[PDB]
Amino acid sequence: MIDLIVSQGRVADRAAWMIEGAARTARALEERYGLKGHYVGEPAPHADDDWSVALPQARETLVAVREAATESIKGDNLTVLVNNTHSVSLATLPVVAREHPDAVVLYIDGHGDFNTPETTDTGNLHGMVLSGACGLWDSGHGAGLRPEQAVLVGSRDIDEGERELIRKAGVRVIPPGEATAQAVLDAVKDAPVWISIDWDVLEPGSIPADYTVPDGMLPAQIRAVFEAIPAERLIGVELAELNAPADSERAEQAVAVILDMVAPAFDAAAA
C-alpha cells in the first residue's frame, strides 16, 4: 500500500550529496517496509548555476518523476517521493493539484521558496519552487496549485520581497514555535493532504541539508504532524534535501531519525 519513487537525477543540486541522501533514505524505507523503489534520473555533477541553466538540464528527470507520480496518485497507494532536491516538487505539485484540486499542501520548510525570477537575489531554482507550482511564474512543468491551499510550516527565513508575494497570493505561514498539531489541523481542516518536507526546516545539527538556519522545528514536531493527519486524508509525502555522504555517521543517524518522524504515516500505509 506504499508506492516509493526516488529521484536520482540532478535537479539544480548545488550540494554534493543530495542524490546520495535520497538513495540512503529510500533504501532504509525499502528495508523497513519491504518496498521496491522506482529510481528515476541519471546523476550529474552539482554546480552553483542560475535557475535558467539548471531547470532546462533537469527536464528529463522531472518528466520521469511526473510520469511515475501521476500513475501512483491515480491509484490507491500512499505516494512516497524521496527527492534529492526540493526542486523536484516543480513536477509533483502540479500533478497533486490537478488530481486533488481540494488538497491542502503542507509545505514544511525553513524558507518560503516563493521568489520569482524578478525577486530572486541568488538565481537558486530551489527558492522559486512553491511560487512555480502556484503559477506566479512559468516553470514549464505546469502550475494550478491555489496558493490559498498551500501552507508554509516552519518557515523562519523569508525575504521582504518574498513575504509580499506570500501575503498577496494568500499562502498561510505557521512559524516553527506555533507548528503544533492544533495549528496544522486548523490549516488543513477537512481537506485531503499532501506533505512536502525540506529537512532544512529542522533545528541545525540533526539532519544535514544545503541551508543552515537557526530556531527551527524539532524532529518530534514533524512526527506530531504525521501522527495528527488522519490516514484516510493523506494523499502522499515528499521528503527532500538530505545532504548526507555515502557510508557516513550523518547518513546512518539522519535516516534513523527520518524513519522515526514518518513512522506514524508509513506504518498505517504499509499494513
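In this text, residue numbers run from 1 along the sequence as written.
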(request) Between 70-78 and 191-199, name whichever shows the higher mean Cα B factor according to the PDB entry. (result) 70-78
(message) If you average the CA temperature factors as listed in the entry, which stretch comes out higher, 171-179 or 80-88?
(response) 171-179
(request) Report the option among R14, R250, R10, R24 whose CA atom has the maximum B-factor in the deposited record. (result) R250
(request) Quick one: which of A64, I207, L234, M217 shows the highest Cα temperature factor in the PDB entry? (result) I207
(request) For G161, return the chain-relative third of its C-alpha B-factor as stated in the PDB record: lowest, middle or highest. (result) highest
(message) For the chain shown, is the CA B-factor of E241 in the lowest, middle or highest third of its modelled residues?
(response) lowest
(request) Grab the CA temperature factor for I5 from the record and place it in the lowest, middle or highest third of its chain. (result) lowest
(request) Place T116 in the lowest, middle or highest third of its chain's C-alpha B-factors, as listed in the PDB entry. (result) middle
(message) Is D186 in the lowest, middle or highest third of its chain when residues are ranked by C-alpha B-factor?
(response) middle
